[PDB]
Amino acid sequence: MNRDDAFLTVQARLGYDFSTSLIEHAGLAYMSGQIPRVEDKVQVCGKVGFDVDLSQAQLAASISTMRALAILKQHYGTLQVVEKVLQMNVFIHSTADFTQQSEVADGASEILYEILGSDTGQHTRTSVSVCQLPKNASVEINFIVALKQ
């Protein structure tokens, strides 16, 4: 399966309709932080490790990533424009005893590998816990993406 069809499959599996947010400069796309919202309605709200568990937090990370990918696909028409996801910053709304930030971020990284593949899905990342996020969201993720020239 190619990148755009794989995207469609992940979108159907999650059960959401995903189809300034992004600025392009010098072959790079800078993307605003994305919370797990669709239309407006924030989809996974709460504090990870208290009222949100690890599985749900990974889901939230997946949704934020799919939103970013949808924004790219809408702006450029196809995910074939992605050369590399250079950087992914994951901010997790959690308790002060939660230590599984890597596993939560794996929920986003897996989406990248599933849609972009072994090589193009490679990315650097940072994962930290914050004490709150916009509209009580549980995860927020931003990206810098290299675009194919």
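Heads up: residue numbers just count along the shown sequence, starting at 1.
J.: Using what the record says, work out whether there is a hole in the model between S19 and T20 and how many deposited residues it spans (none, 1 to 3, 4 to 9, 10 or more).
T.: In the record, 4 to 9 residues between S19 and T20 lack coordinates.
J.: Test of understanding: from the entry's C-alpha B-factors, which stretch has the higher mean, 126-134 or 10-18?
T.: The entry gives the higher C-alpha B-factor average to 10-18.
J.: Would you mind comparing 88-96 and 34-42 for me and telling me which has the higher average C-alpha temperature factor in the entry?
T.: Looking at the recorded C-alpha B-factors, 34-42 comes out higher on average.
J.: Among the modelled residues of this chain, does the Cα B factor of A60 put it in the lowest, middle or highest third?
T.: For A60, the deposited C-alpha B-factor lands in the lowest third.
J.: Split into thirds by Cα B-factor across the chain's modelled residues, where does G107 land: lowest, middle or highest?
T.: According to the entry, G107 has a C-alpha B-factor in the chain's lowest third.
J.: Would the CA B-factor of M1 place it in the lowest, middle or highest third of its chain?
T.: Highest third.
J.: Of the three thirds of its chain by CA temperature factor, lowest, middle or highest, which one includes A29?
T.: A29: CA B-factor falls in the lowest third of its chain.
J.: Thinking about Cα B factors across the chain, which third does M66 belong to?
T.: CA B-factor rank for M66: lowest third.
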